[PDB]
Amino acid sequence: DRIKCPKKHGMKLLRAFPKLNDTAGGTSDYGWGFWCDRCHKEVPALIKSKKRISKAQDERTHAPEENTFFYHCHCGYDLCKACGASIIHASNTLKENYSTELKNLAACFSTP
């Protein structure tokens, strides 16, 4: 699922720094990389990792320090991979505690 910026727009996962045309403001130049609007990390270059060990590993969760991509919003709000990783983890945990609580609810209902 697409991560949203605080202004509720759906952000996009990018594998290369965007062009002037991708950000709302005129002057956003991502030539030397950007800063995460949340953990303030200065991510200066996008690197291609050769690990490739993702048969069934969410790419967004594996090797968060591996800045192989980032999330950008047109508004200009950005998230490093690491910050994206923690919201996928947190949201997956909510879905798990939901399906679990739902299976337990069905069981409590259909058990005397």
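Start at 1 with the first residue shown and count on from there.
- The question of which stretch, 52-60 or 66-74, has the higher mean Cα B factor is settled in favour of 52-60.
- Residue 4: CA B factor lies in the middle third for its chain, per the PDB record.
- Ranked within its chain, residue 34 lands in the middle third, by CA B factor from the PDB record.
- Remark: residue 23 belongs to the highest third of its chain, ranked by C-alpha B-factor as recorded.
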